[PDB]
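Asker: Protein chains in written order, with the numbering used here: chain A, 13 to 52; chain B, -6 to 60; chain C, 48 to 300; chain D, 1408 to 1458; chain E, 2 to 210; chain F, 225 to 456.
For every residue, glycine included, the Cβ atom is placed at its ideal position computed from N, Cα and C.
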Amino acid sequence: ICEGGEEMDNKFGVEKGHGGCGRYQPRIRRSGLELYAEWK
Amino acid sequence: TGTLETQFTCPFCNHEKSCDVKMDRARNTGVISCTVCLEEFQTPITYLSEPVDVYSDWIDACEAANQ
Amino acid sequence: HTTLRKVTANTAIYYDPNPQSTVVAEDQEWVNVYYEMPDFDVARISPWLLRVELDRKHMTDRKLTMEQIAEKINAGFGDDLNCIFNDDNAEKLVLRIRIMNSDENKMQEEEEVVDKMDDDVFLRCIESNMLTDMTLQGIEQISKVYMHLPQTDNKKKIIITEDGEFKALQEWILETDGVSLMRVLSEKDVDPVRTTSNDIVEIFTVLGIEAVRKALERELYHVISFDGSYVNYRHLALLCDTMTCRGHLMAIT
Amino acid sequence: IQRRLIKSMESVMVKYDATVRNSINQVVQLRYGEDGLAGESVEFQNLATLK
Amino acid sequence: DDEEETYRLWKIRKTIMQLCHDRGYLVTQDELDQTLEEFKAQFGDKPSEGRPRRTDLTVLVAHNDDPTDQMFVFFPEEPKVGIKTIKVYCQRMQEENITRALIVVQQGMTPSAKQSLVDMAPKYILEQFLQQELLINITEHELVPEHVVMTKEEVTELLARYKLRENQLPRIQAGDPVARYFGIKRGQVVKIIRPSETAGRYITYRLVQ
Amino acid sequence: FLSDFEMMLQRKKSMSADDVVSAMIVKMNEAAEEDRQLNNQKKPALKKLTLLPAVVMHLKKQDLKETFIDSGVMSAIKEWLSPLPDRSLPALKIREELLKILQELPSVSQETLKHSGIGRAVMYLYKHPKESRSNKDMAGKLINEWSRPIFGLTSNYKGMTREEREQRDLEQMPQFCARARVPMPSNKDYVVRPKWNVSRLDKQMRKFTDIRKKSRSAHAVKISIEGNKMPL
Ligand SMILES: [Zn+2]
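1) Check whether the Cβ of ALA161/E lies closer than 8 Å to any Cβ atom in chain D.
2) When you measure from the CB of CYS33/A to every non-hydrogen atom of ligand 1, does any distance come out below 7 Å?
3) With a Cβ-Cβ cutoff of 8 Å, do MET113/C and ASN133/C count as a contact?
4) Assign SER244/C to buried or exposed, taking buried as 16 or more other Cβ atoms, counted over all protein chains shown, within 10 Å of its Cβ.
5) Do the stretch 199 to 210 of chain E and the stretch 240 to 260 of chain F meet, that is, are 3 or more Cβ pairs less than 8 Å apart?
6) Below 8 Å on the Cβ atoms is my guess for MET181/C versus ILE271/C; work out the distance and round it to an integer in Å.
7) Pull up the distance between the alpha-carbon of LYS289/F and that of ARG357/F, whole angstroms please.
8) Out of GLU234/C, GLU266/C, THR208/C, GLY123/C, which has the shortest C-alpha to C-alpha gap to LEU178/C?
9) When the distance is taken between beta carbons, is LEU165/E closer than 8 Å to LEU208/E?
10) Kindly say whether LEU136/E, judged by its beta-carbon, lies nearer than 8 Å to any beta-carbon of chain H.
11) Could you check if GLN133/E is buried or exposed, using at least 16 other CB atoms within 10 Å of its CB as the buried criterion?
12) Just verifying my parser: in three-state terms, what is the DSSP assignment at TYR203/E?
13) List the endpoints of the continuous alpha helix (DSSP H) containing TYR182/E.
14) Under 7 Å from any heavy atom of ligand 1, does the C-beta of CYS30/B make it?
15) Looking at the unbroken beta strand (DSSP E) that takes in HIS22/E, where does it start and where does it end?
16) Shortest alpha-carbon distance to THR157/E belongs to which of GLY45/E, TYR206/E, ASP66/E, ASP31/E?
17) Do the stretch 34 to 51 of chain A and the stretch 261 to 274 of chain F touch if we need at least three Cβ pairs shorter than 8 Å?
18) Tell me which residues of the stretch 285 to 298 of chain F have at least one Cβ-Cβ distance to chain A shorter than 8 Å, keeping chain order.
19) Between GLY451/F, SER379/F, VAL415/F, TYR381/F, which lies nearest to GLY176/E when the distance is taken from Cα to Cα?
20) Would you check if the distance between the CB atom of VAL297/F and the CB atom of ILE249/F is smaller than 8 Å?
21) Evaluate contact between the stretch 382 to 398 of chain F and the stretch 12 to 31 of chain B, counting only Cβ atoms and requiring at least three cross-stretch pairs below 8 Å.
22) Consider the C-beta atom of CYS14/A and the heavy atoms of ligand 1; say whether any pair is separated by less than 7 Å.
23) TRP95/C: buried (16+ other C-beta within 10 angstroms of its C-beta) or exposed?
24) From the beta carbon of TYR125/E, is the nearest beta carbon of chain F less than 8 Å away?
25) In terms of residues, what are the limits of the alpha helix (DSSP H) holding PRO307/F?
26) Looking at C-alpha atoms only, which residue of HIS282/F, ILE342/F, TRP370/F is the closest neighbour of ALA300/F?
27) Should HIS142/E be labelled buried (16 or more other beta-carbon atoms within 10 Å of its own) or exposed?
28) Applying the 10 Å Cβ sphere with the 16-neighbour rule, what's the burial state of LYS285/F?
29) Could you name the residues that DSSP lists as bridge partners for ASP224/C?
30) What is the DSSP secondary structure of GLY23/B, counted as helix, strand or coil?
31) Take the Cβ of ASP259/F as the centre, count every other Cβ of all protein chains shown within 10 Å, and call the residue buried at 16 or more, exposed below.
32) Counting only the same chain and skipping the five closest in sequence on each side, list residues whose C-beta sits under 8 Å from that of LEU37/E.
33) Would you please verify whether the beta carbon of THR59/E is less than 8 Å from any beta carbon of chain D?
34) Spatial neighbours of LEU1437/D within its chain, please: CB distance less than 7 Å, with the 5 preceding and 5 following residues excluded, ordered by chain position.
35) Is the stretch 139 to 155 of chain C close to the stretch 100 to 111 of chain C, with three or more CB pairs under 8 Å?
Following this line, the structure appears as structure tokens:
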């Protein structure tokens, strides 16, 4: 997971989190010359 | 000659490699489910039984039922 | 390394439901002694019997006794596998192994006891397990051990006499097939100063990079000097220094 | 085997510091051969004061 | 078996006393040459369910040139050492403000404990040895030459005489059996005095990294 | 008092917004209005394009997409996608990133599209002649994606239930050699769905495996033999 997705990094004038997007990462696999992404 | 198949085309929705086999060696039963249309079939297996045998039992039940 | 297989002559699995009238006539005379004073709950003895008879040649050749083998069997398995044995002075060296049952298996009056295997097939498994995996004597990974009175002086002990003469001493040295340098080195009566593996990877794991440099230079000198030819010590020392410069065994690959 | 050896030691040499370093200038030996002498000039001898 | 277990406990203690003496802790000749009979007489003879319980063997010893620098040797009774055990030793150390400890584990110790040992590393330096490794003092072996940890004042000199960046010396890894025996940590330098069949003697150095 | 062990453990353990979203939307409106003023002055409209990175980096936060949509992000995006006073299109980067974001912002309800006018703002770019072909494809697919729900259609094939397919399949039903010959798979159209056709040893083996492990001549620190996986 791209941690820290729960927080707005820029305060827009209003210890530090990772500031990620919160998205679950794919596991990438190779098939000869083609790359495939797989989400569990 | 070559390596045995482990993913199959759903005999109903024909979506390729959409069906996978779960083998419950404990209850002696194999379960196949289409990850697309969710169709399922279950058949009694033995220790010799491989995924290709389950898929075949599914095909034999379909071929017998579609008459 | 001496496994139960190494000393075993024959094994047999019998349906012997009552040891007090055992199907094996040779054993009735001595089996009574263990049931006359049972060290185990006789209600738990399985009717299937695994009788193992040991080869006296292979037993005395390595100073083994029935009591030691029974100790090893009881330790490796436990309360669940009772072992009975003949006296070492009898004509035939025999062990009588039986599976001990369990009260937890009695409590399931109607549940499907699928986790329990048939005793006769279980004994055949325990035999195939115990024969090749039951270490009775020795160290694993050591296939065989030769005994030798060194001839090369570098294998003989050399110790200075009070008057200064070097006076090599010939001492029994064991030359193994397979290695386990740390265990062999810690055995009592094994000289820990000189015992060596002739296997540089072992040297790195057991004695470290500098020890590796020394051991590698000696083994390389050994192969290069086998046919009697000579190479100046500079070339060996340089090769071993580069292979150990970075603190690890840098392969020439 | 000979290729492997040369490719592994081709850069090791004696520097003017009389230390033996390599391409990375890592000191391998503080003196060549632990004594700093060339292989052509040394000879076999017997140590009388030994033994 | 009590006779074999007493032999092993005596042999590890003998190796630990030699390790402490070589690391420069203060150990008396009587502790250093103690025989097995004299061990049985002091710590007892029945370790299975009896007198030399491993908590009874702990050594506390003081650096020969600074009596405030002290090292515990702990012999856990637990076959496999866990975080909770290390916590006990860390507390007993903090109470005594002893910064060094050596854990002679019987089986291995848990990856979590192996971590906590390095996690405490800046304030409390505690390190581990399998008892299987202490049955032999590896420095006694004929292959192993004499390692000497160099003090920093003299490594400055070493690097200045040879006009040599510390990165250029031969290396030794801290996990090395003798980097472990002498207890050295990276960036520290080991001097090495080796016999030589062409020079008679050869001194070399190894940076711990 | 705390032990140094607990201080260390606690220290390491210590390692493990709607207002700021609203303020972001406010800043997006301020940026688009300032770009309108700058465009009237015939100056380069840099404010939107200067804020774009900060905005895109936040609209991607999965945990906030609901907050973003419900806070009026669609209205602000409509303002940024809308042409300027001289009826020029926004910076290429703005169209590229906002169209891509909209594809990644699927929770948008019909009332949200109708009220914000984002649909009009994308159909505009889809028709517009100065729009690049890739942006026209993105706008085209967006328009299809957003209009399908209006007509109840859907494009997720994994979204149709099992019974729906079984029923549809019934709705669509009609009225020598010297060597072994490889047979070929059945082409038959399967309509009907078939009824289903429906330890004491491992404890001692684990004990022996443990005895084997216990016998090993292990070391406390795994020495790297050839320099592989060297630490630090
Ligand atoms: Zn991310």
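Answerer: Let's see:
1) Closer than 8 Å: no.
2) Yes, Cβ of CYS33/A sits closer than 7 Å to a heavy atom of ligand 1.
3) Closer than 8 Å, so yes.
4) Counting the other CB atoms within 10 Å of its CB gives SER244/C a total of 16 or more, which places it among the buried residues.
5) No contact exists between the stretch 199 to 210 of chain E and the stretch 240 to 260 of chain F.
6) About 43 Å separates the Cβ atoms of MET181/C and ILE271/C, ruling out a contact at the 8 Å cut-off.
7) Take the alpha-carbon of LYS289/F and the one of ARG357/F: they are about 28 Å apart.
8) Measuring from the Cα of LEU178/C, the nearest candidate turns out to be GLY123/C.
9) No, the pair does not count as a contact, with Cβ atoms beyond the cut-off.
10) Of the protein chains in this structure, namely A, B, C, D, E and F, none is chain H.
11) Residue burial annotation: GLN133/E is buried, with at least 16 other C-beta atoms found within 10 angstroms of its C-beta.
12) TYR203/E: strand per DSSP, three-state reduction.
13) Unbroken alpha helix (DSSP H) run through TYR182/E: 178 to 182.
14) For ligand 1, not one heavy atom lies less than 7 Å from the Cβ of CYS30/B.
15) Boundaries for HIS22/E: no beta strand (DSSP E) harbours it, while the alpha helix (DSSP H) harbouring it runs 3 to 23, taken from the DSSP string.
16) Per the C-alpha coordinates, the member of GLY45/E, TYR206/E, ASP66/E, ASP31/E positioned closest to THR157/E is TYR206/E.
17) The stretch 34 to 51 of chain A is not in contact with the stretch 261 to 274 of chain F.
18) Residues passing the 8 Å Cβ filter: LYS285, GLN286, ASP287, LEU288.
19) Of the candidates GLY451/F, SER379/F, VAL415/F, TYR381/F, the residue whose Cα lies closest to the Cα of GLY176/E is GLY451/F.
20) Yes, the Cβ-Cβ distance between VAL297/F and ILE249/F is below 8 Å.
21) By the criterion of at least three beta-carbon pairs nearer than 8 Å, the stretch 382 to 398 of chain F is in contact with the stretch 12 to 31 of chain B.
22) It does: the Cβ of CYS14/A is within 7 Å (strictly closer) of some heavy atom of ligand 1.
23) When all chains shown are included, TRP95/C counts as buried.
24) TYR125/E counts as touching chain F.
25) First-last for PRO307/F: undefined, no H or E at that position.
26) Checking every option, the nearest Cα to that of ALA300/F belongs to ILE342/F.
27) Buried, since its Cβ has 16 or more Cβ neighbours within 10 Å.
28) Under this definition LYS285/F is a buried residue.
29) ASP224/C pairs with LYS191/C.
30) Look at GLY23/B here: in three-state DSSP terms it is strand.
31) Per the 10 Å Cβ criterion, buried.
32) These residues qualify, in order along the chain: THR7, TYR8, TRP11.
33) With 8 Å as the cut-off, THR59/E does not count as an interface residue toward chain D.
34) Annotation for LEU1437/D: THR1426 place their beta carbon closer than 7 Å to its own, counting only its chain and skipping 5 residues before and after.
35) With the cut-off at 8 Å, the stretch 139 to 155 of chain C and the stretch 100 to 111 of chain C touch.
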